[PDB]
Structure formats: structure tokens, C-alpha cells
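Protein chains in written order, with my numbering: chain A, 1 to 39; chain B, 1 to 39; chain C, 1 to 45.
Listed below in C-alpha cells is the structure:
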């Protein structure tokens, strides 16, 4: 039995979201380029 | 006649600006890459 | 993408987290004479 302490700044999570979103796109498109290059 | 309530965190707008900037550059460069590849 | 304004706690939530507010307690306490008493009346026998 314990109480959970919540941080006052959600921004880190939002930052995570942003860093995920962008990277996913590039980590896809750049990858495609590599494949399209190799072929 | 009503009062405007202002949020205490501008970080949403800063995240918007950063994402927009990165998005614009990435979409310009990859679009250029696609056009060059087609040519 | 659109980033909506998000916050865990508002200013009002943080200010309401306090158990006692000096300003509100003083505002209520100093109306006691205006509420439960007749300040203006003067009685002279």
C-alpha cells in the first residue's frame, strides 16, 4: 500500500512523442532510400 | 463580454514550432530527393 | 501535427491544493461585523 507521486511536467512525454514521431518517419524514408539506392 | 483564460505552459507552442521546422526541412529535402530519383 | 495545450495541474489546482488560504479566511472573517452585527446603529440612553 503506497501512494504514487505524479510529476508536474508532462512535457517530457510530449517530447518523447515528438522524438518518436519524427524519427519513425525518417527511420522509414531514409531506409527506403538506402534500399532504392542498393537496387 | 468575457475574460480570456491563458494556459501556464507555452511548451505546446514551442513543440509546435520545432516540429513544424523539422517537418518543413524534411519534406523539402525528401521531395527534392524523390524528384531527382525520378529524373 | 497539432500540439494541444496540456498540463498535469493548472494554476487553480495548485492554489487549491492548499488546505487553508489566508486571503479567503481573512475575507470571510472580516465580514463578521457586517453580517452578524449592526455597525452603524448608536444607542444612547
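Beta carbons are placed, not taken as given, at the ideal position from N, Cα and C, and that holds for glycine.
Judged by their CB atoms, residue 33/B and residue 22/A are not nearer to each other than the 8 Å cut-off.
Listed by position along chain A, the residues whose Cβ is nearer than 7 Å to that of residue 11/B are 11. Residue 17/B is not a Cβ neighbour of residue 4/C, given a cutoff of 8 Å. Three or more pairs of CB atoms, one per stretch, sit closer than 8 Å, so the region 1-8 of chain A contacts the region 8-26 of chain C.
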